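Everything on this sheet refers to the single structure shown next.
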Amino acid sequence: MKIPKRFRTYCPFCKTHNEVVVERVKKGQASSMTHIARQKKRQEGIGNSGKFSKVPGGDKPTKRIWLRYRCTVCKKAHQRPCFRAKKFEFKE
Amino acid sequence: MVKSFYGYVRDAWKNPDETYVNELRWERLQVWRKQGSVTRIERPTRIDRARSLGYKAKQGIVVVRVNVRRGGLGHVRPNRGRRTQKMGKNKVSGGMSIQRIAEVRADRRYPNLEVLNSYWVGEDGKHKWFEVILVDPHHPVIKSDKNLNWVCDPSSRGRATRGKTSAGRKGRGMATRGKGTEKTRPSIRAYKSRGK
RNA sequence: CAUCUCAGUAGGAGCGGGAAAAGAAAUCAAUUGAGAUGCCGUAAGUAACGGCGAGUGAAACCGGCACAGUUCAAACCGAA
RNA sequence: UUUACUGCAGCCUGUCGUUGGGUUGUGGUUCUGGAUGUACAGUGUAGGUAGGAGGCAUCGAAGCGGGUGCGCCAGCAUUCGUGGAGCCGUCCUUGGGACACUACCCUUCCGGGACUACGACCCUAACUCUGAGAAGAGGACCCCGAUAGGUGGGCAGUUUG
């Protein structure tokens with residue numbers, strides 16, 4: 001399915017309907033300095049590592065389309081609950 | 001400055017591989033390797049180290065060089081059921097340090113004496129060498145000596161085996177006070193060995 | 001059930017006395033204070049850890065018992 | 001039992017320590033002899049950006065040999081010499097930079113002298129094996145300690161609703 005790249009909607013921050021550009025959200029790299037990373041490094045030793053030797057699970061048949069809406073006026077972005085589609089495109 | 005020659009011995013042994021001790025080390029480990037486990041010596045190798053650790057030139061004070069192997073606790077793989085955590089032993093070093101191992105071997109070799117202290121005197125890729133000072137509580141010189149006659153007491157016997165030397169206290173975790181010594185003083189066994 | 005728990009338990013080896021160990025801060029505090037160690041009460045199932053699950057789990061302050069301080073290495077002398 | 005899950009031994013391999021001395025090959029470490037700098041033409045080589053101008057000279061300033069720095073067999077430094085006036089520019093050779101012998105750290109210059117990480121070879125002197133020893137054979141390798149990855153039902157604990 002297609003969603004427009006830019007459309008007029010409500011900005012929660014400036015509290016008005018302005019034009020907003022839609023951007024697909026890319027998952028970031030997990031920090032190596034997080035508390036879970038430090039706990040993993042601390043619990044690594046000889047033997048089973050507990051939950052840190054878990055293999056990542058499976059996948060749902062379709063993933064949600066992670067979208068982020070940036071107000072064109074205040075340049076702040078908000079992200080809303082998103083739909084779930086096999087094929088996603090931007091209308092231009 | 002007016003420094004004692006003990007100060008020069010200290011400076012020479014501060015960075016031994018950058019001083020003449022490195023060459024001396026080269027000739028000297030050749031002789032030490034041919035020797036056995038526990039060798040009595042006439043004089044300490046590092047006189048200033050011995051004197052600061054308590055060595056005196058008097059009757060009843062013996063100095064020995066002990067040879068100890070390198071690496072951790074050479075441990076046997078269990079042959080019965082274990083947890084995965086308790087199955088691996090190769091990476092498990094001990095809780096007994098090499099210096100205290102040398103002290104205890106010297107104490108075993110010399111049943112009538114008591115270990116006072118010991119210091120590092122060399123090492124190679126396979127061995128470390130320590131010099132252990134021992135005291136004779138039943139020698140009249142030591143009995144007269146009021147800075148050593150505490151060793152004639154019933155509680156001063158078995159010091160190295162009961163962990164009462166400086167290396168033993170360091171291994172017991174009583175080298176410091178305050179935070180981190182909650183489970184170490186007054187003894188490891190007093191808190192179910194949860195410290196260390 | 002694997003980390004965890006059971007648990008530094010059971011068991012082992014060494015040493016050892018009527019007690020043993022610890023013991024006179026390179027400490028604990030917090031705006032400025034206290035003043036060796038040990039043991040008891042409390043802090044407190046708190047902080048902390050933990051498939052943050054099950055569980056595990058302090059210390060300081062403070063109130064008590066009892067109170068105790070010192071000896072070397074070196075500087076100076078040089079067998080005194 | 002295994003190409004079930006998770007581990008642990010053994011083994012293979014990198015790195016560090018053990019572990020030293022020489023020869024060269026590789027990077028810059030560090031600096032002497034030149035500031036070597038030049039679309040257009042130049043009396044003249046931006047003599048680094050410069051007090052936007054101002055010091056030397058027969059007790060030294062050039063048209064030359066394979067031109068000692070360099071390069072367009074020009075020209076600056078006067079050196080092996082012999083020839084007998086290079087100025088600075090307010091006539092700036094209508095300026096990629098326009099130029100006073102004024103403490104050159106800077107794209108070069110190849111004494112690169114000195115330490116360095118990798119690789120190749122040699123030495124013995126550590127270290128190893130043999131021998132009672134003289135000594136013989138290896139040799140900074142191997143073994144060994146640590147660490148990193150692999151392989152690993154040899155072994156352990158479980159699961160298999």
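Letters A, B, ... go to the chains of the structure tokens in the order shown; residues in each chain start at 1; ligands are counted from 1 in the same order.
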Practice item. May I have the residues of chain B within 6 Å of chain D, counting only C-alpha atoms (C1' of nucleotides), written as a PyMOL selection string? Key: chain B and resi 70-71+81+83-84+87-88+124-125
Check your understanding: chain B residues within 7 Å of chain C, counting only C-alpha atoms (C1' of nucleotides): which ones, as a list in words?
Key ->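 The contacting residues on chain B are residues 51, 52, 147, 158, 161, 162, 177, 178, 182, 185, 186, 187, 192, 193 and 194 of chain B.
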Residues from last step as file, N, CA and C atoms, as a PDB file, in the first residue's frame:
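Result went into part_20.pdb, see below:
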ATOM      1  N   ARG B  51      65.355  -6.464  54.861  1.00  0.00           N
ATOM      2  CA  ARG B  51      65.374  -5.698  56.101  1.00  0.00           C
ATOM      3  C   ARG B  51      64.067  -4.946  56.314  1.00  0.00           C
ATOM      4  N   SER B  52      63.507  -4.361  55.252  1.00  0.00           N
ATOM      5  CA  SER B  52      62.213  -3.707  55.396  1.00  0.00           C
ATOM      6  C   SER B  52      61.104  -4.705  55.695  1.00  0.00           C
ATOM      7  N   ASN B 147      61.882  -7.589  69.454  1.00  0.00           N
ATOM      8  CA  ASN B 147      61.118  -7.298  68.252  1.00  0.00           C
ATOM      9  C   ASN B 147      60.707  -8.552  67.496  1.00  0.00           C
ATOM     10  N   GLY B 158      52.256 -21.886  62.860  1.00  0.00           N
ATOM     11  CA  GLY B 158      51.409 -22.113  61.705  1.00  0.00           C
ATOM     12  C   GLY B 158      50.929 -20.872  60.992  1.00  0.00           C
ATOM     13  N   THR B 161      50.411 -21.367  57.141  1.00  0.00           N
ATOM     14  CA  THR B 161      49.329 -22.303  56.869  1.00  0.00           C
ATOM     15  C   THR B 161      47.968 -21.756  57.272  1.00  0.00           C
ATOM     16  N   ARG B 162      47.912 -20.826  58.224  1.00  0.00           N
ATOM     17  CA  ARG B 162      46.649 -20.224  58.623  1.00  0.00           C
ATOM     18  C   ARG B 162      46.435 -18.837  58.032  1.00  0.00           C
ATOM     19  N   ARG B 177      40.643  -1.313  54.670  1.00  0.00           N
ATOM     20  CA  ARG B 177      39.475  -1.163  55.523  1.00  0.00           C
ATOM     21  C   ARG B 177      38.341  -0.522  54.737  1.00  0.00           C
ATOM     22  N   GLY B 178      37.163  -0.500  55.353  1.00  0.00           N
ATOM     23  CA  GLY B 178      36.033   0.190  54.766  1.00  0.00           C
ATOM     24  C   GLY B 178      35.296  -0.622  53.725  1.00  0.00           C
ATOM     25  N   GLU B 182      33.515  -5.895  53.763  1.00  0.00           N
ATOM     26  CA  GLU B 182      32.347  -6.288  54.540  1.00  0.00           C
ATOM     27  C   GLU B 182      32.290  -7.791  54.779  1.00  0.00           C
ATOM     28  N   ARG B 185      36.828  -9.157  56.761  1.00  0.00           N
ATOM     29  CA  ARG B 185      37.245  -9.071  58.153  1.00  0.00           C
ATOM     30  C   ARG B 185      36.076  -9.393  59.077  1.00  0.00           C
ATOM     31  N   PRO B 186      36.307 -10.142  60.163  1.00  0.00           N
ATOM     32  CA  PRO B 186      37.600 -10.611  60.675  1.00  0.00           C
ATOM     33  C   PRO B 186      38.118 -11.905  60.055  1.00  0.00           C
ATOM     34  N   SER B 187      37.337 -12.631  59.260  1.00  0.00           N
ATOM     35  CA  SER B 187      37.867 -13.822  58.610  1.00  0.00           C
ATOM     36  C   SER B 187      37.000 -14.170  57.414  1.00  0.00           C
ATOM     37  N   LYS B 192      31.118 -17.320  55.854  1.00  0.00           N
ATOM     38  CA  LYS B 192      30.860 -18.449  54.967  1.00  0.00           C
ATOM     39  C   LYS B 192      31.630 -18.321  53.658  1.00  0.00           C
ATOM     40  N   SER B 193      32.820 -17.725  53.702  1.00  0.00           N
ATOM     41  CA  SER B 193      33.703 -17.617  52.541  1.00  0.00           C
ATOM     42  C   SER B 193      33.042 -16.883  51.379  1.00  0.00           C
ATOM     43  N   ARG B 194      32.054 -16.038  51.671  1.00  0.00           N
ATOM     44  CA  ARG B 194      31.369 -15.292  50.624  1.00  0.00           C
ATOM     45  C   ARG B 194      32.204 -14.119  50.135  1.00  0.00           C
TER      46      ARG B 194
END
Check your understanding: Which residues in chain A does DSSP call strand (DSSP E)? List them as a count of residues only.
Key -> 28
Review point. What are the residues of chain A that have an atom within 9 Å of an atom of chain C, counting only C-alpha atoms (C1' of nucleotides), as number ranges by chain?
Key: A: 43, 47-52
Exercise for review: Calculate how many Å separate atom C1' of residue D:102 from atom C1' of residue D:37, rounding to one decimal.
Suggested key: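 Answer for the atom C1' of residue D:102 to atom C1' of residue D:37 separation: 20.2 Å.
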Review point. Smallest atom-to-atom distance to chain B: which of A:81, A:56, A:61, A:45, using only C-alpha atoms?
Key: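 Under the stated criterion, the closest residue is A:45.
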**Study point:** Selection near residue D:46, 8 Å with only C-alpha atoms (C1' of nucleotides), sequence-local residues under 2 positions removed, as a PyMOL selection string
**Key:** chain D and resi 37+48+97-99
If you run DSSP on this backbone, which residues of stretch 4-142 of chain B come out as alpha helix (DSSP H), and could you give them as a JSON list (two decimals) with C-alpha atoms, in the first residue's frame?
[["chain", "number", "residue", "atom", "x", "y", "z"],
["B", 5, "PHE", "CA", 72.82, 1.80, 50.04],
["B", 6, "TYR", "CA", 69.51, 0.08, 50.74],
["B", 7, "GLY", "CA", 68.06, 2.93, 48.70],
["B", 8, "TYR", "CA", 70.32, 2.03, 45.79],
["B", 9, "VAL", "CA", 69.30, -1.63, 46.06],
["B", 10, "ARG", "CA", 65.70, -0.41, 45.97],
["B", 11, "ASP", "CA", 66.31, 1.72, 42.89],
["B", 12, "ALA", "CA", 68.14, -1.15, 41.18],
["B", 13, "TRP", "CA", 65.19, -3.47, 41.83],
["B", 14, "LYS", "CA", 62.46, -0.93, 41.04],
["B", 21, "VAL", "CA", 69.64, -7.06, 37.49],
["B", 22, "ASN", "CA", 68.37, -8.19, 34.08],
["B", 23, "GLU", "CA", 71.81, -9.51, 33.12],
["B", 24, "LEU", "CA", 72.29, -10.89, 36.63],
["B", 25, "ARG", "CA", 68.84, -12.43, 36.16],
["B", 26, "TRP", "CA", 70.12, -14.08, 32.98],
["B", 27, "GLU", "CA", 73.09, -15.76, 34.64],
["B", 28, "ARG", "CA", 71.14, -16.38, 37.85],
["B", 29, "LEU", "CA", 68.06, -18.22, 36.59],
["B", 30, "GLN", "CA", 70.48, -20.72, 35.06],
["B", 31, "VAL", "CA", 71.69, -21.61, 38.56],
["B", 32, "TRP", "CA", 68.19, -21.40, 40.06],
["B", 33, "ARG", "CA", 66.68, -23.77, 37.48],
["B", 34, "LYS", "CA", 69.21, -26.46, 38.37],
["B", 47, "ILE", "CA", 69.02, -7.00, 51.39],
["B", 48, "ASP", "CA", 66.95, -3.82, 51.62],
["B", 49, "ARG", "CA", 63.77, -5.74, 50.79],
["B", 50, "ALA", "CA", 64.62, -8.32, 53.45],
["B", 51, "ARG", "CA", 65.37, -5.70, 56.10],
["B", 52, "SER", "CA", 62.21, -3.71, 55.40],
["B", 53, "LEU", "CA", 60.25, -6.97, 55.53],
["B", 84, "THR", "CA", 27.59, -26.35, 32.82],
["B", 85, "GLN", "CA", 28.90, -23.64, 35.16],
["B", 86, "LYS", "CA", 30.73, -26.21, 37.32],
["B", 87, "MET", "CA", 31.96, -28.37, 34.43],
["B", 98, "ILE", "CA", 51.77, -18.16, 44.04],
["B", 99, "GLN", "CA", 53.55, -16.24, 46.80],
["B", 100, "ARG", "CA", 51.52, -17.98, 49.49],
["B", 101, "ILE", "CA", 52.11, -21.33, 47.77],
["B", 102, "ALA", "CA", 55.84, -20.68, 48.01],
["B", 103, "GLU", "CA", 55.51, -19.63, 51.65],
["B", 104, "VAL", "CA", 53.57, -22.79, 52.50],
["B", 105, "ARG", "CA", 56.08, -25.02, 50.71],
["B", 106, "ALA", "CA", 58.89, -23.39, 52.69],
["B", 107, "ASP", "CA", 56.91, -23.89, 55.91],
["B", 108, "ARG", "CA", 56.43, -27.56, 55.02],
["B", 109, "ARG", "CA", 60.15, -27.93, 54.33],
["B", 140, "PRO", "CA", 67.84, -18.06, 72.53],
["B", 141, "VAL", "CA", 68.77, -15.18, 70.21],
["B", 142, "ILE", "CA", 65.18, -14.95, 68.98]]
**Study point:** For atom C1' of residue C:36 and atom CA of residue B:116, the interatomic separation in Å (one decimal)
**Key:**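 That distance, rounded to one decimal, is 23.0 Å.
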Practice item. Tell me, as a PyMOL selection string, which residues lie within 12 Å of residue D:23, counting only C-alpha atoms (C1' of nucleotides); anything in the same chain fewer than 4 positions away does not count. Key: chain D and resi 120-123
Check your understanding: Quick one: residues within 10 Å of residue B:73, only C-alpha atoms (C1' of nucleotides) counted, chain neighbours fewer than 6 positions away excluded, as a ChimeraX atom specification?
Key -> /B:89-98
Would you mind exporting C-alpha atoms of the selected residues as a PDB file, in the first residue's frame?
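Full text of part-v5.pdb as output:
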ATOM      1  CA  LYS B  89      37.902 -25.857  34.986  1.00  0.00           C
ATOM      2  CA  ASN B  90      40.607 -24.739  32.535  1.00  0.00           C
ATOM      3  CA  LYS B  91      39.905 -21.036  33.083  1.00  0.00           C
ATOM      4  CA  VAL B  92      39.426 -21.551  36.841  1.00  0.00           C
ATOM      5  CA  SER B  93      42.479 -20.168  38.555  1.00  0.00           C
ATOM      6  CA  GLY B  94      42.674 -20.763  42.283  1.00  0.00           C
ATOM      7  CA  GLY B  95      42.250 -18.552  45.302  1.00  0.00           C
ATOM      8  CA  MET B  96      45.709 -19.441  46.580  1.00  0.00           C
ATOM      9  CA  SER B  97      48.352 -17.071  45.262  1.00  0.00           C
ATOM     10  CA  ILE B  98      51.772 -18.156  44.038  1.00  0.00           C
TER      11      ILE B  98
END
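Between atom CA of residue B:123 and atom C1' of residue D:138 the interatomic distance comes to 25.1 Å.
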